[PDB]
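Trainee: Below you will find the structure I want to go over with you.
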Amino acid sequence: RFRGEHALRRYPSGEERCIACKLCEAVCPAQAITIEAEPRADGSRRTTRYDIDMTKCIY
Amino acid sequence: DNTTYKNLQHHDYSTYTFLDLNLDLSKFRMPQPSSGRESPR
Amino acid sequence: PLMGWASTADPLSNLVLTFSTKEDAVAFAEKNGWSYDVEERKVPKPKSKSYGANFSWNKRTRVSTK
Amino acid sequence: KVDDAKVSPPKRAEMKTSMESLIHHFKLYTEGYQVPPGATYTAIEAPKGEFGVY
Amino acid sequence: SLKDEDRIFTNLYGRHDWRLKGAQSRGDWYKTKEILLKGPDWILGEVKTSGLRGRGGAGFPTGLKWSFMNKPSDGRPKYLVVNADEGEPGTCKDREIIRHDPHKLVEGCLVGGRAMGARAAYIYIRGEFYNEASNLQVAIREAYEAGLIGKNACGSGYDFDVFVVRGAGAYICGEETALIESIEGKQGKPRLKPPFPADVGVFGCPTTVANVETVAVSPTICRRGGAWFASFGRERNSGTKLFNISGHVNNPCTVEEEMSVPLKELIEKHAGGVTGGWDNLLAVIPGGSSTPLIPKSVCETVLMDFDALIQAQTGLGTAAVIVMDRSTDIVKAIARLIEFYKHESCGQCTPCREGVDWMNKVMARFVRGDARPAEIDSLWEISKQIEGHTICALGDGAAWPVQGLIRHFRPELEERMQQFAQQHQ
Amino acid sequence: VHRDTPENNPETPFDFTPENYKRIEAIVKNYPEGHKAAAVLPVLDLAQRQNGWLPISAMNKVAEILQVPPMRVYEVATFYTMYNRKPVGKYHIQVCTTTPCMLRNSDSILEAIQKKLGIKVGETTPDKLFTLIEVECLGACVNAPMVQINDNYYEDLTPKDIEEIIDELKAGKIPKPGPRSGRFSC
Amino acid sequence: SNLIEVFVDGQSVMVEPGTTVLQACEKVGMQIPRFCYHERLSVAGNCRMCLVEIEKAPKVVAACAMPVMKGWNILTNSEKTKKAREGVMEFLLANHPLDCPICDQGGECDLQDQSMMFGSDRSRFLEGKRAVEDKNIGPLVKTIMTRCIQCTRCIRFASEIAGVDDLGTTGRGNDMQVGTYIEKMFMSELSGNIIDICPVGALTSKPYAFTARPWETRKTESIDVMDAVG
Ligand SMILES: Cc1cc2nc3c(=O)[nH]c(=O)nc-3n(C[C@H](O)[C@H](O)[C@H](O)COP(=O)(O)O)c2cc1C
Ligand code: SF4
Ligand code: SF4
Ligand code: SF4
Ligand code: SF4
Ligand code: FES
Ligand code: FES
């Protein structure tokens, strides 16, 4: 368990694992992670904008 | 007292026995007081 | 234009102060120098909501289907 | 972690099944703890000196 | 001091032959002209002096309960509600007191008409009873045509007419607010009892809800002597209550036995299954379904009374016997009773609609035995949480018997749990 | 299901009382005009007795005749157990399964009725004559088993006797208040 | 002149006759956790969460139901009142899906704020969880009835104030569905308020859907134009 590089995982059968809760945005102490949420026109609630700037973020 | 169940009248009853008696019980019945309104909702 | 965030030039914007009294908040605004437009506190009105009104006979306030 | 899940975030195997744990996981993030009002002071001995947290 | 065997002078007698003309020959409507002529102070005062306990599955005394619905001055006309629907499974008082002798219940509506000050009387029968409803309506048709109910009732100014209203297969006609709401037109859900009781709002009227067995005692106290119903039984509990012997028995029969009768002699008088309390594993219920199961150690010594049974941690209210055999499973039987409460819970209070329904799913695991030994100790706390915080008393009725699985039992529960866990794993 | 209302023709065909409409007026006459919505339960019971298996439009027509909102009438019908709205049957066989009957052998009567008729547990017969349902309690707990059919229930029935009553029901309806012993005590 | 002196935790407060226990507690500054009660809507004792124990009484009464009479010492922080709130909260969340990430309501949720403060830290729950088939009410209001706690507040809203009469309880026990039985497309005036009436994430705005969480958006007060009342 090591932290250094930000990468978002997905399910074994495709499909983006992230849900756009903005939970990770609120906990973020640097306020680095920016998130805009939208419905994907097919019921599921997922992401549109997802910028985690490395100018900020203290890992 | 006789050793026989005297409830044979209940066996010979059709689908319209409670609804048929209720229409028959219209005579000798006091009118119910309303005093409220024609339509509450 | 750098990315997607909404950046603002205005510095004094992202601050929320706390006050105990309306007279203290007005005095602090005059002390800072900035002009203030005070709004009156909208207190919730006491409405007599009784359970007995739900089962009314003369009144039309009778609740239908629970 | 602290036995009370009202302060310590619940375990990952525990939070994914029961409702109470996931709410506590949702509320210990975004919101803090809701701390009792007042002022505390601690100074645990540093090799350099004192970390006098106020 | 002790309870008399069956009693030769009993309140209920109609079982062999009675229709309409036979009621006058048996001993009904004899002093109806004298009782109606007497004032409300003489009618309600006689009921208060006798001290007749509540025949329904509540335990509340009738003497104080009828006094609230006296009504000195009111705008809305007062009504009388008689809940004749069948209560807890085991209690068969509704099928016997209505189908065999309907005029005994009809006499209570006339006796309680001038006493409570009712303009109109309602007799609420369950939807399952249609053969009983046909007999009840025909007796009401003979009563109205004769000239004893409606306009001029036994030579009195008070005019009260009885009307039969059929339900639709619902257990939620039990509570006083529940039976009132069911006749009101809205869904069968009970109103909040603390702010507006029965005497405050029932079909937009100050009314009083009473059981069919409790309504049958009113002409028995009026026509016959008040001391006759008061002396038989105990000091606190008074009046002959019909206790139906059912369950695992060779000859199941409903008997009109006197109050404060011993349970060992009650099974012997009706002829039980294996034994009165020796051969078969005694787990007999003192009530219909609401009361917790009584152990083999405390059964012969305990008496079936309205007040005395509650002191022995098994409050009998529904007044019915449900005996269990040694061969039959104790855990599987009560789990079906909880499943009965799952189907018959109305769905208002969240500790009942999401409580009892959750209680049944945990209890289903106990039958198969796929539960931890700690789960027995936990379930006792959940049952305590349900009992205190509900609108109606169905939340109580689904909490008492499951507590009876914790008390006196538990070696029966642990042996079912340990053997099934070892076999599967 | 107790919420889903499909459009497989229960919304358009409607049923009305031709001569029983006068009986419905007498049923509304029993309860006072002040809050006249009390007649919603006995009128629906008369509608279900006139025609078994209640459609959506009949509930709307009962609400229109009683001047009540259609949502209040639909919620009342869905709440009670006695009303049949999803399956259709000539004689709905409802057997008791509660503990006062289960301890005195009710599962033996339930297994014998399932084998003889053809129904599994809740599904209706392909001939559309019998519909099996696990009822909570019939009322009369004095008899050890209890089974209800259409209007009258058969008390104290042996596994062979209950099968004989089901076989006879196909040709001629038998009354039978208790085909075992006396009505009062044994 | 029509005033009753009563005690909230032993503190004197003067109230009008006819007022509820919760109304008396609002006067001193106390706020009992609630789900059915609303300032504008009627009174129903459905959820039984607003339980508050008054001394010298065997059973705990709800703040919704009881009107305040003479001489009551309402104890908010007693041993039984805390156990009552912790109990019912476990019942409310036993049959409620793990949907907080996919839920349209975030920090604004009434179940979240109350269960953290008043409810227990951990649940005894092992097996169960009911699932409810969702009904398409309208294009303006998204409806996921799985999350509904059957509180009966929207049903009272549509009947007493909106005056449309479409929502209603159907079934008994766990199997109780809130909504229209006939699958009717519910569209009327004040229908954009039923999303705010519902304390949980059962009723939500379909045009808004998913954009921001309550804590993320900065609130600003304004008078609404294109309306007569303003
Ligand atoms: C689970 C349960 C079921 C009940 N069922 C009935 C019933 O079917 N009929 C009835 O008259 N009373 C029933 N009662 C008793 C009620 O409390 C009733 O409204 C009232 O107290 C009867 O008053 P009485 O005993 O003075 O006649 C039931 C009580 C409980 C707890
Ligand atoms: S928004 Fe953040 S917390 Fe939510 S799923 Fe995506 S990465 Fe995880
Ligand atoms: S205790 Fe259960 S049955 Fe009684 S009112 Fe509450 S939810 Fe309904
Ligand atoms: S209603 Fe509240 S507790 Fe339930 S899933 Fe939504 S946010 Fe979570
Ligand atoms: S949808 Fe919301 S307001 Fe309506 S009953 Fe359910 S929880 Fe209450
Ligand atoms: S329990 Fe079977 S008839 Fe009542
Ligand atoms: S908020 Fe008072 S009972 Fe639900």
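FYI, nothing fancy with the structure tokens labels: chains A, B, ... in order, residues from 1 per chain, ligands from 1 as they appear.
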Considering only C-alpha atoms, give me a table of residues in chain E that are at most 6 Å from chain B, with the closest atom pair and distance in Å for each, as a tab-separated table.

Mentor:
```
residue	atom	partner	partner_atom	distance
E:16	CA	B:5	CA	5.6
E:17	CA	B:6	CA	5.1
E:131	CA	B:10	CA	5.8
```

Trainee: For the selection just defined, write its residues with C-alpha atoms to a file, as a PDB file, in the first residue's frame.

Mentor:
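Written file, out.pdb:
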```
ATOM      1  CA  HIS E  16     -78.591 -26.325  21.349  1.00  0.00           C
ATOM      2  CA  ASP E  17     -81.784 -24.685  19.991  1.00  0.00           C
ATOM      3  CA  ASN E 131     -72.533 -17.633   7.724  1.00  0.00           C
TER       4      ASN E 131
END
```

Trainee: Residues near region 167-179 of chain G, anyone? I mean within 6 Å using only C-alpha atoms, not counting same-chain ones fewer than 3 positions away, as a list in words.

Mentor: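 The filter keeps residues 345, 346, 347 and 353 of chain E; 2, 75, 78 and 79 of chain F; 155 of chain G.
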
Trainee: Report as a PyMOL selection string which protein, DNA and RNA residues come within 6 Å of ligand 6, using only C-alpha atoms and all ligand atoms.

Mentor: (chain E and resi 89-90) or (chain F and resi 96+98+100-101+137-141+146)

Trainee: Please produce an output containing N, CA and C atoms for each residue in the selection, written as a JSON list (two decimals), in the first residue's frame.

Mentor:
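Generated file (part11.json):
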```json
[["chain", "number", "residue", "atom", "x", "y", "z"],
["E", 89, "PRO", "N", -55.62, -15.73, 17.13],
["E", 89, "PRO", "CA", -55.82, -17.14, 16.77],
["E", 89, "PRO", "C", -55.80, -18.06, 17.99],
["E", 90, "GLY", "N", -56.91, -18.77, 18.20],
["E", 90, "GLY", "CA", -57.14, -19.56, 19.40],
["E", 90, "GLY", "C", -58.44, -19.18, 20.07],
["F", 96, "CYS", "N", -56.22, -22.52, 6.36],
["F", 96, "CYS", "CA", -55.55, -21.93, 7.52],
["F", 96, "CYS", "C", -54.20, -22.61, 7.78],
["F", 98, "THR", "N", -51.95, -21.12, 10.51],
["F", 98, "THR", "CA", -51.47, -20.60, 11.80],
["F", 98, "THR", "C", -51.26, -21.71, 12.84],
["F", 100, "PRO", "N", -52.30, -22.44, 16.03],
["F", 100, "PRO", "CA", -53.38, -23.23, 16.66],
["F", 100, "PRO", "C", -53.93, -24.37, 15.79],
["F", 101, "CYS", "N", -53.72, -24.27, 14.48],
["F", 101, "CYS", "CA", -54.10, -25.32, 13.53],
["F", 101, "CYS", "C", -52.90, -26.18, 13.11],
["F", 137, "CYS", "N", -55.95, -16.76, 9.39],
["F", 137, "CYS", "CA", -56.88, -17.44, 10.29],
["F", 137, "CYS", "C", -58.32, -17.24, 9.82],
["F", 138, "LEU", "N", -59.06, -18.35, 9.74],
["F", 138, "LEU", "CA", -60.46, -18.35, 9.31],
["F", 138, "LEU", "C", -61.40, -17.77, 10.38],
["F", 139, "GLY", "N", -61.03, -17.95, 11.65],
["F", 139, "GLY", "CA", -61.82, -17.46, 12.78],
["F", 139, "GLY", "C", -62.15, -18.55, 13.78],
["F", 140, "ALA", "N", -62.81, -19.60, 13.30],
["F", 140, "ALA", "CA", -63.19, -20.74, 14.13],
["F", 140, "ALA", "C", -61.98, -21.65, 14.39],
["F", 141, "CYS", "N", -61.35, -21.44, 15.54],
["F", 141, "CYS", "CA", -60.17, -22.20, 15.95],
["F", 141, "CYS", "C", -60.51, -23.39, 16.86],
["F", 146, "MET", "N", -59.02, -26.03, 9.47],
["F", 146, "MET", "CA", -60.03, -25.14, 8.89],
["F", 146, "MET", "C", -59.70, -24.80, 7.44]]
```

Trainee: List all protein, DNA and RNA residues that have any atom at most 6 Å from ligand 1, counting only C-alpha atoms and all ligand atoms, and write the list as an MDAnalysis selection string.

Mentor: chainID E and resid 54:58 62 83:88 174:176 209:211 214 393:394 397

Trainee: Give as number ranges by chain the residues surrounding ligand 3 up to a distance of 9 Å, considering only C-alpha atoms and all ligand atoms.

Mentor: E: 171-172, 175, 178, 188-192, 341, 344-356, 386-387, 389-398; G: 46-48, 172-173

Trainee: Atoms to include: C-alpha atoms. Write the selected residues as a PDB file, in the first residue's frame.

Mentor:
```
ATOM      1  CA  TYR E 171     -56.863  -8.310  12.130  1.00  0.00           C
ATOM      2  CA  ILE E 172     -56.444  -4.508  12.405  1.00  0.00           C
ATOM      3  CA  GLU E 175     -57.738  -1.669  18.690  1.00  0.00           C
ATOM      4  CA  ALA E 178     -58.649   0.706  14.508  1.00  0.00           C
ATOM      5  CA  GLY E 188     -57.650   0.146   8.342  1.00  0.00           C
ATOM      6  CA  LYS E 189     -54.960   1.963  10.334  1.00  0.00           C
ATOM      7  CA  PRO E 190     -55.405   2.954  14.028  1.00  0.00           C
ATOM      8  CA  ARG E 191     -55.357   6.621  15.090  1.00  0.00           C
ATOM      9  CA  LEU E 192     -53.129   7.900  17.935  1.00  0.00           C
ATOM     10  CA  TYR E 341     -48.053 -10.742  12.799  1.00  0.00           C
ATOM     11  CA  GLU E 344     -51.407  -8.615   9.845  1.00  0.00           C
ATOM     12  CA  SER E 345     -49.295  -5.576  10.843  1.00  0.00           C
ATOM     13  CA  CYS E 346     -50.893  -2.435   9.383  1.00  0.00           C
ATOM     14  CA  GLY E 347     -47.696  -0.548   8.441  1.00  0.00           C
ATOM     15  CA  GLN E 348     -47.583   2.734  10.388  1.00  0.00           C
ATOM     16  CA  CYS E 349     -45.063   2.437  13.262  1.00  0.00           C
ATOM     17  CA  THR E 350     -41.548   1.736  11.943  1.00  0.00           C
ATOM     18  CA  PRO E 351     -40.686  -0.509  14.946  1.00  0.00           C
ATOM     19  CA  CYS E 352     -43.560  -2.774  13.737  1.00  0.00           C
ATOM     20  CA  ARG E 353     -43.589  -2.604   9.909  1.00  0.00           C
ATOM     21  CA  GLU E 354     -39.763  -2.749   9.830  1.00  0.00           C
ATOM     22  CA  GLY E 355     -39.489  -4.375  13.281  1.00  0.00           C
ATOM     23  CA  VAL E 356     -41.790  -7.429  13.388  1.00  0.00           C
ATOM     24  CA  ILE E 386     -40.815  -2.706  20.009  1.00  0.00           C
ATOM     25  CA  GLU E 387     -43.120  -3.126  23.053  1.00  0.00           C
ATOM     26  CA  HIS E 389     -43.034   2.629  21.321  1.00  0.00           C
ATOM     27  CA  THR E 390     -46.155   1.945  19.179  1.00  0.00           C
ATOM     28  CA  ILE E 391     -49.549   3.506  18.283  1.00  0.00           C
ATOM     29  CA  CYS E 392     -51.646   0.353  18.815  1.00  0.00           C
ATOM     30  CA  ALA E 393     -51.153  -2.759  20.992  1.00  0.00           C
ATOM     31  CA  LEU E 394     -50.218  -5.130  18.114  1.00  0.00           C
ATOM     32  CA  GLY E 395     -46.610  -4.011  18.715  1.00  0.00           C
ATOM     33  CA  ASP E 396     -47.063  -5.310  22.269  1.00  0.00           C
ATOM     34  CA  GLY E 397     -48.676  -8.545  20.987  1.00  0.00           C
ATOM     35  CA  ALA E 398     -45.682  -9.279  18.732  1.00  0.00           C
TER      36      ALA E 398
ATOM     37  CA  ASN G  46     -46.396   7.464  11.864  1.00  0.00           C
ATOM     38  CA  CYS G  47     -42.612   6.965  12.298  1.00  0.00           C
ATOM     39  CA  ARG G  48     -42.575   7.247  16.128  1.00  0.00           C
ATOM     40  CA  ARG G 172     -49.385  -4.130   4.717  1.00  0.00           C
ATOM     41  CA  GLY G 173     -46.127  -4.595   6.670  1.00  0.00           C
TER      42      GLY G 173
END
```
